[PDB]
Amino acid sequence: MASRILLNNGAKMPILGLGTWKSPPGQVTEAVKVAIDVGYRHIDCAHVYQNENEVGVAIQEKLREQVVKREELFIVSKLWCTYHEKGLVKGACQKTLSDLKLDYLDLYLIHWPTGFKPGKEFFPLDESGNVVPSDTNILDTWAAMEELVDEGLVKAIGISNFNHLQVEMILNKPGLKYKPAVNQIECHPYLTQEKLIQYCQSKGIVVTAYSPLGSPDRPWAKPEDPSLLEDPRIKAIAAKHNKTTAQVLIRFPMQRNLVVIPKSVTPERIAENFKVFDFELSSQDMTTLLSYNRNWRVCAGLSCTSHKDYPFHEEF
Ligand SMILES: NC(=O)c1ccc[n+]([C@@H]2O[C@H](COP(=O)([O-])OP(=O)(O)OC[C@H]3O[C@@H](n4cnc5c(N)ncnc54)[C@H](OP(=O)(O)O)[C@@H]3O)[C@@H](O)[C@H]2O)c1
Ligand SMILES: O=C(O)COc1cc(F)ccc1C(=O)NCc1cccc(C(=O)O)c1
């Protein structure tokens with residue numbers, strides 16, 4: 001299938017990107033270098049991942065080597081929760097640009113709808129142990145994101161982990177200047193997201209699926225949690241197609257018109273995960289994979305459930 005999807009800003013976004021959350025700083029430069037060498041043109045980043053400098057080393061080198069041109073790359077980052085105030089957004093974006101070695105981002109996302117008190121700590125706490133919100137609202141943060149487009153820092157802006165009412169709030173914002181281009185949400189066979197995906201797509205917003213493999217390296221994994229990569233039912237579909245389970249899990253969102261961003265620092269898996277443009281899941285395969293939904297989240301945000309903008313109380 002086609003390698004890129006057209007966004008509502010007129011730019012094209014590669015449907016397969018490399019994730020970088022948890023990629024160790026001493027391994028992510030080589031991961032991104034390998035990814036670019038084997039065909040990746042989209043890298044998903046974030047300031048909170050604490051490895052943008054090292055991602056940037058890889059990008060800048062592959063540009064210097066003329067393995068790729070800047071206009072062929074699609075680099076995404078995200079505004080962290082402690083930078084939602086309007087006077088902090090530009091500096092947060094500019095720090096990410098400096099670290100990534102870039103003059104512009106292709107896409108900049110509000111990482112989560114929940115703003116937190118600014119300061120050095122990424123999760124400022126009171127007990128008492130609760131995260132300290134900021135009195136920022138998603139609409140004013142969105143206006144600050146729009147400014148970044150108008151200053152040339154970013155080509156596109158979007159949102160992440162917004163529920164359908166929060167997307168609707170952006171779309172209904174008084175004086176809205178730019179619609180979100182993307183909503184990046186968790187999505188895989190255990191969290192299939194039919195309602196939120198159809199809503200976003202119906203509005204021309206492209207959905208990116210994160211944790212498509214079920215994030216087996218997530219730091220809070222428990223043994224009793226379900227495991228996509230080990231699910232016999234998914235392994236059977238992979239065997240039928242002569243592909244790996246991971247390749248099925250990556251192809252699945254692609255056939256729903258989603259972008260997908262599997263993470264790896266393992267060279268052989270980085271290459272494997274890209275070899276997903278040469279086979280097709282049947283409609284029956286797709287419906288079968290959808291049937292595995294259980295509303296299970298890698299990223300549940302249990303410490304934020306009292307935040308006024310917590311996204312996961314709503315059905316979707
Ligand atoms: N917007 C948000 O709030 C948000 C939240 C979560 C994630 N994300 C983004 O989405 C990306 C992907 O999600 P994720 O990192 O949570 O998890 P994931 O991509 O679902 O899974 C990554 C894990 O799978 C392993 N793996 C990769 N390819 C494999 C293969 N072919 N066979 C077997 N194991 C394989 C990786 O191991 P190795 O690395 O050791 O190879 C790593 O342990 C993130 O890195 C981040 O960029 C965004
Ligand atoms: O967020 C990601 O991309 C991947 O997870 C992380 C990565 C980090 F480097 C550091 C923390 C997290 C994390 O706890 N996320 C979940 C989260 C964060 C903020 C608010 C909510 C909420 O529920 O409002 C939920």
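Please refer to the structure placed before this passage.
A brief report on the enclosed structure follows. (Residues numbered from 1 in each chain as written, not as in the entry; some residues may be left out. Chains lettered and ligands numbered in written order. Heavy atoms only, no water. Residues with missing side-chain atoms left out of burial classes, pairs and counts.)

## Side note on the site of ligand 1
Taken together, the neighbourhood of ligand 1 is formed by 32 residues, with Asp 44, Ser 215, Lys 263, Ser 264 and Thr 266 sitting nearest. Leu 213 places a polar main-chain atom, nitrogen or oxygen, 2.8 Å from an oxygen atom of ligand 1. One of the backbone nitrogen or oxygen atoms of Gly 214 is found 3.3 Å away from an oxygen atom of ligand 1. Relative to its unbound accessible surface of 920 Å², ligand 1 loses 92% to contact with the protein. Structurally, ligand 1 is housed in the largest pocket. Sort the elements by how many residues they give to the shell around ligand 1 and helix 9 (residues 267–274) lands first, with 3 residues. In terms of residue class, the shell around ligand 1 is built from 13 nonpolar, 12 polar and 7 charged. (Near = heavy atom within 4 Å. Polar contact = N/O pair within 3.5 Å; in protein donor to acceptor, adjacent residues only side chain to side chain. Areas by Shrake-Rupley, 256 points an atom, 1.4 Å probe, with all protein chains shown as cover. 1 Å grid on protein atoms, 1.4 Å probe; cavity = no way out; pocket = protein on both sides within 12 Å on 5 of 7 lines; lining within 4 Å. Sits in = over half its atoms within 2 Å of the grid points. Helix = DSSP H or I, 4+ residues; strand = E, 2+ residues; numbered from the N terminus. Nonpolar A, V, L, I, M, F, W, Y, C, P; charged D, E, K, R; others polar.)

## Some words on the layout of surface pockets
Its volume calculated, the largest pocket comes out at about 1,100 Å³. The wall of the largest pocket is formed by 47 residues, among which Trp 21, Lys 22, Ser 215, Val 298 and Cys 299 lie closest to the centre. (Points joined across faces, edges and corners; volume = space filled by probe spheres on them.)

## With respect to the packing of aromatic side chains
Taken as a whole, this structure holds 11 aromatic pairs when the rule is applied. When the centroid spacing of 6.1 Å and the interplanar angle of 85° are considered together, the rings of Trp 80 and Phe 116 count as edge-to-face. Of this pair, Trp 80 sits in the loop between strand 5 (74–79) and helix 3 (86–100) while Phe 116 sits in the loop between strand 6 (107–110) and helix 4 (138–150); the two residues are 36 residues apart in sequence, bridging distant segments of the chain. What makes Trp 80 buried here is its relative accessible area of 5%. Under the relative-accessibility criterion, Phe 116 is labelled buried at 1%. An aromatic cluster of three or more residues is present, and its members are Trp 80, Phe 116, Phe 122 and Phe 123. When the ring centre of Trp 21 is taken as reference, the NZ or CZ atom of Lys 22 above it lies at 4.5 Å. Seen from the ring of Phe 312, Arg 297 lies directly overhead, with NZ or CZ sitting 3.7 Å from the centre. (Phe/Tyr/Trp six-rings, centres within 6.5 Å; stacked < 30°, edge-to-face > 60°. Buried < 20%, exposed > 50% of the residue type's maximum accessible area, 1.4 Å probe, protein only. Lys NZ or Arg CZ within 6 Å of the ring centre and 35° of its normal.)

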